[PDB]
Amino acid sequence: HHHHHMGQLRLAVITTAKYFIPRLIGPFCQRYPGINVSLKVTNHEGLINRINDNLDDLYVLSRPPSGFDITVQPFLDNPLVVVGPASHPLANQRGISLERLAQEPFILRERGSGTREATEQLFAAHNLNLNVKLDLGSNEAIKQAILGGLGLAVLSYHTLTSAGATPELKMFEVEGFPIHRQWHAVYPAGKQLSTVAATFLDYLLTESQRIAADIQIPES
C-alpha cells in the first residue's frame, strides 16, 4: 500500500443511493488502486448546494435540478415499496389491497419528502386515510422503528440491500406498489469531466445493470 494517490474521485449522492454506490466504488477501486475516493451522502438540498459550489465530480440524484448547466443521465431504477417485519401477519400475504394496508400504522419520512408524497398521493387516488404513527427523517431510523414494532413503512427498495441484510425486514406484496422512480448521474456541462470521473461514469453506466440483477431490483 502507498500513501499518496495519483488520482481522486469526488462523488456526492442522495441519501438512499448510499446502499448502491459502494457496489460500484468497491470493484472500481480494486481495478484502480491508486485512486482515493471521497463520497458525500446528503439530501436534495445539500446536493444542490454542492453543485452550486462545484464541489464534486459526479452527483447522484432522483430528480434533475433546475437552474444549473448540467448533463443528466438516468442509470438505475429506484422503486418505492412497502416494508415491514417478517413476523407481521401481512408479511406473506399475496396481493394485499390498499385498503387492508391503510388500516395499518405507518412510519414515514417527513411531509414534503419524495417517498412520503408518493404514498400520500397514491392514498389520495383511492380516497383512503394514511395512519401515520411517526415521522422520521432517516431511512435507518425508520427501519429501526419497524423492527421495534411501530408498524410498516414505504421506503426505496434499496434500503433492503444493506450489507449482510437478513430476512427480518422484507418487501410486502401490495397493490399499487412498487412506485417507479429513477436515479440520475449529473455533472456540470460547462467543464469536461476529469479522466478518473469519466472512467467512473462509464463504469457506472455499464456495470449498474449487472448489480441491479444481483440485488434483484423489482421491475414493478
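The first residue of the shown sequence is 1; numbering continues from there.
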| item | value |
| --- | --- |
| Stretch with the higher entry mean CA B-factor, where the candidates are 54-62 and 169-177 | 169-177 |
| 119-127 versus 71-79 - which carries the larger mean C-alpha B factor in the record | 119-127 |
| Residue 138 - Cα temperature factor, lowest/middle/highest third of chain | middle |
| CA B-factor ranking of residue 44, expressed as a third of its chain | middle |
| Third of the chain, ranked by Cα B-factor, where residue 164 sits | lowest |
| Third of the chain, ranked by Cα B-factor, where residue 194 sits | middle |
